[PDB]
């Protein structure tokens, strides 16, 4: 499928919910129809004004039209998702979901992302992710929740559109979901003091983390095959139990520090310069990820300063356990 095919579909589509959608709304314990219609209208105000600020004051009506295409995609996918959910569970139990402002904002943001990214490929100014999050005052972690389901729900997405949304998901998983403003930390706290969404998120993070670790270990540690499982064990425990280390930081920073730490206690010579040089070969790796790492307050410095001052501060005794007579029980490898 092609850009033109999807865009034809959207240009032909209705601005209002279908009768099927309205049926779903009317079957809810709390009727969400008016909230949903008003939310679409209100966000229209905000979107078109922020679009004109970004692109030029003469572009308000272009922004309006692009918003309308986004809304049409949002209604299509919403109906598809609801149909799927009803089929899978054999019941409609949609009131809590459909009255959730955050579900609607995430779904609309994802629809708008597909539209913004498609226009931003062609032309001036790049309105691709994460621009839409700031426009909508939406957190990355919330946007994340709809991506896989959105992809499944819109069979007319191009391979390029799907790849883009997958790239967005990865950026959320690796850093955006771990910013200090992320609902993720309240969800962790709720569980640590329980959440199916927390479990699903962590499962996805583990798979991404492990795959990236594996690539680095296959390049750097070919001679020492036993190391990968041990590094994975430090890495996984750190993500699970020392999650505050991820706050305002990046998955790959924890990855490289875990690699360095284990090799260090295993008496294996692997300086950061070597890890870092191999790291910048990873598919989407940027140098800033090891050159600019949060230390304490507003203070940023290299990954080495982070390792020496924060990472080891917190984990020195945990790392030493791996070389002791009783090493910690090794973490299972995430499958797939």
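Positions refer to the first chain, counted from 1.
Checking chain continuity here. Are there deposited residues lacking coordinates between residue 181 and residue 182, and if so is it 1 to 3, 4 to 9, or 10 or more (or none)? Gap size class: none, per the record.
From residue 123 on to residue 124, does the model leave out none, 1 to 3, 4 to 9, or 10 or more residues of the deposited sequence? In the record, 4 to 9 residues between residue 123 and residue 124 lack coordinates.
Can you tell me whether 314-322 has a higher mean C-alpha B factor than 19-27 in this record, or the other way round? The stretch with the larger mean CA B-factor is 314-322.
Pick between 137-145 and 221-229: the one whose mean CA B-factor in the entry is higher. According to the PDB entry, the answer is 221-229.
Looking at 266, 250, 104, 171, which has the highest CA B-factor as recorded? Among 266, 250, 104, 171, the PDB entry lists the largest C-alpha B-factor for 266.
Largest Cα B-factor, entry values, listed residues 72, 96, 83, 192: Out of 72, 96, 83, 192, the record gives the largest C-alpha B-factor to 192.
Check where residue 175 lands among this chain's C-alpha B-factors and tell me if it's the lowest, middle or highest third. For residue 175, whose C-alpha B-factor we compare with every modelled residue in the chain, the answer is the lowest third.
Assigned third (lowest, middle, highest) for the C-alpha B factor of residue 40: Its C-alpha B-factor, which the entry lists for residue 40, ranks in the lowest third among residues of this chain.
Splitting the chain's C-alpha B-factors into thirds, which one does residue 4 fall into? Its C-alpha B-factor, which the entry lists for residue 4, ranks in the lowest third among residues of this chain.
Quick check on the deposited entry: does the C-alpha B-factor of residue 294 sit in the lowest, middle or highest third of its chain? Its C-alpha B-factor, which the entry lists for residue 294, ranks in the middle third among residues of this chain.
Comparing residue 304 with the other modelled residues of its chain, is its CA B-factor in the lowest, middle or highest third? Its C-alpha B-factor, which the entry lists for residue 304, ranks in the lowest third among residues of this chain.
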